[PDB]
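Novice:
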Amino acid sequence: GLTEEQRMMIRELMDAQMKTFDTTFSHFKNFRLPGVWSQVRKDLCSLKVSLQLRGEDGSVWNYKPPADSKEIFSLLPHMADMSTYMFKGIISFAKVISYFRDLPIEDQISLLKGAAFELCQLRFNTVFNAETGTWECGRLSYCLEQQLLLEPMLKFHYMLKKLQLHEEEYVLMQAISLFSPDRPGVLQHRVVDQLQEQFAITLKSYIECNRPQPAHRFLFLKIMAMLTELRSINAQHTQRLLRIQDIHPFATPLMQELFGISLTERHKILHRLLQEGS
Amino acid sequence: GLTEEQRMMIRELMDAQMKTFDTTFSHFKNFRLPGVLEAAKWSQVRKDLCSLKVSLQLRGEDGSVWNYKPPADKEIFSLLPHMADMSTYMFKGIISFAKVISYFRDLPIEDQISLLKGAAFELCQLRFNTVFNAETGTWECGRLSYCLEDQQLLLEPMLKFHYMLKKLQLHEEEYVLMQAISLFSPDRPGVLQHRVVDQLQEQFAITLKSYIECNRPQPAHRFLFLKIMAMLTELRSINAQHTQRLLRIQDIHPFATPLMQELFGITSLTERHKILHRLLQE
Ligand SMILES: CCC[C@H](CC)Oc1ccc(C(C)(C)C)cc1NC(=O)c1nnn(-c2cc(OC)c(OC)cc2OC)c1C
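Each protein sequence line maps, in turn, to chains A and B. So in the numbering used here, the last one in the first sequence is 278, and the numbering has no gaps at all. So in the numbering used here, the last one in the second sequence is 560, and the numbering has no gaps at all.
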């Protein structure tokens, strides 16, 4: 049994997730596609994937990427368009949350700047297939091509998928990650921290009310440990992606705002999206 | 051996084939691709498209491979715009091939149109056979490949034609001689100079027959010429079948390029074939 606010808190996060997560990716359209230095290449080989695109008629386009030999940056324009679409649903997810919109406009930008990558990877894990190693995104599919676990990103997705979390546990991780008080640029550190502690208490209470099996022992502490690991991966890959942008500019205008390439003035797209409605 | 006129007859056909056959399909660009998105009229159309089912493969300069798996069953009309662009590109190379031949230029412009109107499909299949892989079942057109999908395929005469013709393992000179015999068919609709085209076709047949006698062993290729003539006869029937299959599909779903509309009878001999007439002047 959870308190009435804990029940209300989960139902709002669940309602916000349903309204702002295009799990079928049907509204993802107008995306770039592949046409018909030593420190950089070591990272891209781990996340090498093949792109599949199913059609409403039943046809299947399949893209096998070129081998290792300006060929490792062919999928990045598409992945930038995909990451931007995912984050636009993340922004809408934050706007629906009542505790988020009541924050100052600068804190809303600072929180989304620090949780952009983390909240996308949590939503990506829900469409990740453990056996096939494929992120099934409705019309689109991303299939990979023992040693991969050395890459923290792939290792994070396999460990998180192994926990077999509920929808409520996924959206609570998004709330705990979004309401991080120690993000760069946050002013209301104390108010955001108070909000984060309530999401953690709600997550801890939910697990005790629905997970009696021994496979889920210490599950709350595992989740909190995964959120810390995901925070480190965020710092690694955000620093890594700036090197690729430095050599081959590929980021969309919204991704450029999130990287640093007044807050409301240099984050014009993010400011406009926070003022717009559903 | 071969007579000096027959030797020069092969040299001209080989020269015409070399100048007009983009064997690597390097100049085939700007083509359409399948996008990322009464009752007896359709019933007869579905039977035609399910016969030949191929998957499209696109190799890239960097090493990437785009692959298109066709759908099942207005969904079976996804590959037609691409094949219309491929056929038109092949037709233009066939027209240029005939224009290089001196025996073809001396014919009236109407007989040139009539011969090209009846042998356009046949000469493309002969060129397509040279890039067909019997083992993999794929037409390798350089960066483009067309792999078939399921004796299940021998039922269609078109696929059976390519496998039987490939088994003969014909030379380049024998292939280009088949094109001349097929191009100079005197019994095409609209042909006027029946005797010239018939005598010209007989000389190409004699040259092809004499070429086999002088460049092949004695007992092994004793009937190779008659096998070739049988394949040309079978190929003429496939042309009549395919031409009728395309008119039914075009009537329901227009996909024909302007050049294909003229060669197939869709809307004087030069009044209804203005595009084909212009390509013969230049
Ligand atoms: C389902 C597709 C995804 C998949 C899920 C983990 O994974 C990838 C797999 C392969 C590749 C290759 C290009 C190497 C082939 C990439 C990814 N993955 C990504 O391309 C990516 N995933 N997240 N982000 C990202 C997003 C952000 O917010 C918009 C952000 O903040 C601005 C920073 C980000 O990166 C540090 C990217 C660029």
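A virtual CB, placed ideally from N, CA and C, is assigned to each residue, including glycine.
1. Less than 8 Å between the beta carbons of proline 152 (chain A) and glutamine 39 (chain A), yes or no?
2. Excluding the five sequence neighbours on either side, which residues of its own chain have a C-beta within less than 6 Å of the C-beta of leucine 547 (chain B), listed in chain order?
3. Got a sec: which bits of the region 406-423 of chain B sit with their beta carbon under 8 Å from any beta carbon on chain A, in order along the chain?
4. Output needed for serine 26 (chain A): all residues of its chain with C-beta closer than 8 Å, excluding positions within five of it in sequence on either side, in chain order.
5. Whose C-alpha, out of B:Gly543, B:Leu537, B:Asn517, is nearest the C-alpha of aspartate 529 (chain B)?
6. What are the start and end residues of the beta strand (DSSP E) that includes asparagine 234 (chain A)?
7. Buried or exposed: where does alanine 398 (chain B) fall if 16 or more other Cβ atoms within 10 Å of its Cβ makes it buried?
8. Using a Cβ-based criterion (distance less than 7 Å to any ligand heavy atom), does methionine 173 (chain A) qualify as near ligand 1?
9. Is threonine 132 (chain A) helix, strand or coil when you go by DSSP?
10. Any heavy atom of ligand 1 closer than 7 Å to the CB of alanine 94 (chain A)?
11. Here's a check: name, in chain order, each residue in its chain whose Cβ is nearer than 7 Å to the Cβ of residue 235 (chain B), leaving out the five neighbours to either side.
12. Let me know if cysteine 45 (chain A) comes out buried or exposed under the rule of 16 or more other beta-carbons within 10 Å of its beta-carbon.
13. Alpha carbon to alpha carbon, what distance is there between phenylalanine 93 (chain A) and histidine 166 (chain A)?
14. With a threshold of 8 Å between beta carbons, is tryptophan 61 (chain A) in contact with chain B?
15. Residues of chain B with CB under 7 Å from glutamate 56 (chain A), in chain order?
16. Going along the chain, which residues of its own chain have a beta-carbon closer than 7 Å to the beta-carbon of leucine 119 (chain A), five neighbours each way excluded?
17. Could you name the residues that DSSP lists as bridge partners for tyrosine 142 (chain A)?
18. Hey, out of A:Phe100, A:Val171, A:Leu53, A:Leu148, whose CA is closest to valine 314 (chain B)'s CA?
19. Output the boundary residues of the beta strand (DSSP E) element that contains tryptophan 61 (chain A).
20. Does ligand 1 have even one heavy atom less than 7 Å from the beta-carbon of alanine 362 (chain B)?
21. Using a Cβ cut-off of 8 Å, which residues of the region 344-375 of chain B contact any Cβ in chain A, in chain order?
22. In the structure shown, what three-state DSSP assignment does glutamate 106 (chain A) receive?
23. Roughly how many angstroms lie between the CA atoms of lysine 48 (chain A) and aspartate 22 (chain A), to the nearest whole one?
24. Taking the alpha carbon of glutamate 282 (chain B) as the point to measure from, which residue in B:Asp340, B:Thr485, B:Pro359, B:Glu480 has its own alpha carbon closest?
25. Counting only the same chain and skipping the five closest in sequence on each side, list residues whose C-beta sits under 6 Å from that of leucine 426 (chain B).
26. Leaving out five residues before and five after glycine 114 (chain A) in sequence, what residues of the same chain have Cβ atoms less than 7 Å from its Cβ?
27. According to DSSP, is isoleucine 97 (chain A) part of a helix, a strand, or is it coil?
28. Determine, using beta carbons only, whether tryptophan 37 (chain A) and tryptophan 344 (chain B) come nearer to each other than 8 Å.
29. Beta carbons nearer than 7 Å to chain B: which residues of the region 31-56 of chain A have them?
30. Roughly how many angstroms lie between the CA atoms of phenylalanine 382 (chain B) and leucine 393 (chain B), to the nearest whole one?
31. To which residues of the same chain is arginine 289 (chain B) closer than 6 Å at the C-beta, ignoring the five residues directly before and after it?
32. Can you name, in chain order, every residue of its own chain whose Cβ lies under 6 Å from the Cβ of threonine 24 (chain A), other than the five neighbours on each side?
Specialist: Quick look at the numbers:
1. no
2. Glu388, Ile391
3. none
4. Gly138, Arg139
5. B:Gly543
6. Run containing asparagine 234 (chain A): none in the beta strand (DSSP E); it sits in the alpha helix (DSSP H), 219-247.
7. buried
8. no
9. coil
10. no
11. Here chain B has residues from 279 to 560 only, and residue 235 (chain B) is not among them.
12. exposed
13. 18 Å
14. yes
15. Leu315
16. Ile90, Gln174, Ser177, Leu178
17. A:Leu51, A:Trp135
18. A:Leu53
19. 60-64
20. no
21. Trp344, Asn345, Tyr346, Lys347, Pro348, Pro349, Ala350, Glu353, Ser356
22. helix
23. 24 Å
24. B:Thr485
25. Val332, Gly415
26. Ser180, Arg183, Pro184
27. coil
28. no
29. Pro34, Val36, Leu53, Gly55, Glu56
30. 9 Å
31. none
32. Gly138
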